[PDB]
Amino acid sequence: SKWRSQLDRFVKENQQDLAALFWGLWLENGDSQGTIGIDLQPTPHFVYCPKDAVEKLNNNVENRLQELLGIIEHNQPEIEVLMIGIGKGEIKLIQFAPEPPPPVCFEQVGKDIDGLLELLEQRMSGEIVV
(Lines of atoms letter the chains of each structure in order from A and count residues from 1; the text may use other names and numbers.)
(Lines give C-alpha, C1' and ligand atoms only; values in the text may rest on other atoms or scores of the structure.)
Protein backbone atom coordinates (compact mmCIF):
# COMPACT_ATOMS: atom_id res chain seq x y z
CA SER A 1 0.00 0.00 0.00
CA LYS A 2 3.06 2.25 0.30
CA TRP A 3 2.86 3.13 -3.42
CA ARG A 4 -0.16 5.32 -2.61
CA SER A 5 1.90 7.75 -0.52
CA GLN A 6 4.74 7.64 -3.06
CA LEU A 7 2.24 8.55 -5.78
CA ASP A 8 0.75 11.26 -3.53
CA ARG A 9 4.17 12.83 -3.00
CA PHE A 10 5.06 12.62 -6.69
CA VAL A 11 1.83 14.43 -7.62
CA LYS A 12 2.48 17.11 -4.98
CA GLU A 13 5.94 17.80 -6.40
CA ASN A 14 4.84 17.74 -10.07
CA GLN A 15 1.45 19.45 -10.18
CA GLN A 16 2.31 21.97 -12.90
CA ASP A 17 3.72 19.40 -15.32
CA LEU A 18 0.87 16.98 -14.61
CA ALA A 19 -1.56 19.87 -15.23
CA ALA A 20 0.13 20.74 -18.52
CA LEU A 21 -0.11 17.08 -19.58
CA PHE A 22 -3.69 16.78 -18.34
CA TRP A 23 -4.72 19.86 -20.36
CA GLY A 24 -2.77 18.93 -23.48
CA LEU A 25 -4.49 15.54 -23.53
CA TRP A 26 -7.83 17.24 -22.85
CA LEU A 27 -7.27 19.45 -25.92
CA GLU A 28 -6.59 16.43 -28.13
CA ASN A 29 -9.10 13.93 -26.73
CA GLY A 30 -11.53 15.58 -24.35
CA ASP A 31 -13.19 12.67 -22.53
CA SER A 32 -13.63 10.40 -25.57
CA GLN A 33 -10.86 8.03 -24.49
CA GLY A 34 -11.91 7.92 -20.85
CA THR A 35 -9.93 8.86 -17.76
CA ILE A 36 -6.19 9.44 -17.70
CA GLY A 37 -4.61 6.64 -15.71
CA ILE A 38 -1.19 6.05 -14.25
CA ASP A 39 -0.68 2.29 -14.48
CA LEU A 40 2.16 1.61 -12.10
CA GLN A 41 3.26 -1.80 -13.43
CA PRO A 42 5.68 -2.90 -14.75
CA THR A 43 6.84 0.72 -14.38
CA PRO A 44 4.60 3.77 -14.06
CA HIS A 45 3.14 4.79 -17.41
CA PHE A 46 0.22 6.91 -18.61
CA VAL A 47 -2.83 5.11 -20.02
CA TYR A 48 -6.45 5.89 -20.78
CA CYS A 49 -9.24 4.14 -18.84
CA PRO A 50 -12.67 3.95 -20.52
CA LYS A 51 -15.55 4.61 -18.16
CA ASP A 52 -16.55 0.92 -18.23
CA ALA A 53 -13.12 -0.20 -17.01
CA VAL A 54 -13.25 2.40 -14.22
CA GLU A 55 -16.67 1.20 -13.04
CA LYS A 56 -15.71 -2.47 -13.48
CA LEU A 57 -12.61 -1.74 -11.42
CA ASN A 58 -14.16 0.55 -8.79
CA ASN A 59 -16.52 -2.45 -8.38
CA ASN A 60 -13.90 -4.02 -6.11
CA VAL A 61 -13.45 -4.25 -2.35
CA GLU A 62 -10.14 -2.40 -2.14
CA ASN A 63 -11.73 0.43 -4.15
CA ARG A 64 -15.45 1.32 -4.03
CA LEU A 65 -14.66 5.06 -4.09
CA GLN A 66 -18.08 6.54 -3.37
CA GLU A 67 -19.51 8.40 -6.38
CA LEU A 68 -16.27 7.99 -8.37
CA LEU A 69 -18.16 8.04 -11.67
CA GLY A 70 -19.79 11.33 -10.71
CA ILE A 71 -16.49 12.81 -9.57
CA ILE A 72 -15.03 11.86 -12.98
CA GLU A 73 -18.06 13.28 -14.78
CA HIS A 74 -18.10 16.54 -12.81
CA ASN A 75 -14.37 17.35 -12.97
CA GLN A 76 -13.85 20.73 -14.67
CA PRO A 77 -10.66 20.36 -16.77
CA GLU A 78 -10.28 24.14 -17.14
CA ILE A 79 -9.64 24.51 -13.37
CA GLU A 80 -8.81 21.05 -11.99
CA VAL A 81 -6.78 17.96 -12.93
CA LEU A 82 -8.12 14.46 -12.48
CA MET A 83 -6.28 11.18 -13.05
CA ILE A 84 -6.40 7.69 -11.49
CA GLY A 85 -3.35 5.78 -10.32
CA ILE A 86 -3.65 1.98 -10.52
CA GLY A 87 -1.47 -0.46 -8.57
CA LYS A 88 -2.43 -4.16 -8.82
CA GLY A 89 -6.04 -3.19 -9.37
CA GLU A 90 -6.52 -0.62 -6.58
CA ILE A 91 -7.42 2.99 -7.52
CA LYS A 92 -5.96 6.11 -5.98
CA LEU A 93 -7.86 9.16 -7.16
CA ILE A 94 -5.63 12.03 -8.29
CA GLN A 95 -7.43 15.37 -8.18
CA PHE A 96 -6.15 18.88 -7.63
CA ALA A 97 -7.01 22.43 -8.74
CA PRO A 98 -3.57 23.89 -9.47
CA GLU A 99 -2.24 27.43 -9.67
CA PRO A 100 -2.19 28.55 -12.44
CA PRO A 101 -5.13 26.55 -13.84
CA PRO A 102 -4.31 23.66 -16.21
CA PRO A 103 -4.67 25.64 -19.48
CA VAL A 104 -2.19 28.24 -18.20
CA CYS A 105 0.08 25.46 -16.92
CA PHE A 106 -0.01 24.09 -20.46
CA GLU A 107 0.89 27.45 -21.96
CA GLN A 108 3.64 28.08 -19.35
CA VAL A 109 5.43 24.73 -19.56
CA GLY A 110 5.37 25.07 -23.34
CA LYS A 111 5.74 21.32 -24.00
CA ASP A 112 3.67 18.99 -26.19
CA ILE A 113 2.10 15.88 -24.68
CA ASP A 114 4.86 13.67 -26.12
CA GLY A 115 7.48 15.74 -24.29
CA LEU A 116 5.53 15.73 -21.03
CA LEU A 117 4.77 11.99 -21.20
CA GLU A 118 8.46 11.12 -21.50
CA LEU A 119 9.60 13.65 -18.88
CA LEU A 120 6.99 12.59 -16.31
CA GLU A 121 7.41 8.84 -16.94
CA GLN A 122 11.17 9.11 -16.44
CA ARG A 123 10.55 10.98 -13.17
CA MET A 124 8.10 8.30 -11.92
CA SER A 125 10.56 5.47 -12.62
CA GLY A 126 11.81 3.91 -9.41
CA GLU A 127 10.01 6.64 -7.41
CA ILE A 128 6.66 4.79 -7.24
CA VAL A 129 7.08 1.03 -6.79
CA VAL A 130 4.24 -1.37 -6.17
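Just count from 1 along the sequence shown to find any residue number.
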Subject >> Which of 110-118 and 18-26 has higher mean CA B factor, as the PDB entry lists it >> reply: 110-118
Original post:
When the C-alpha temperature factors are averaged for each of 68-76 and 53-61, which stretch ends up with the higher value in the entry?
Top reply: 53-61
Subject >> Entry-reported Cα temperature factor of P100, expressed as the chain third it lands in >> reply: middle
Original post:
Would the CA B-factor of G89 place it in the lowest, middle or highest third of its chain?
Top reply: highest
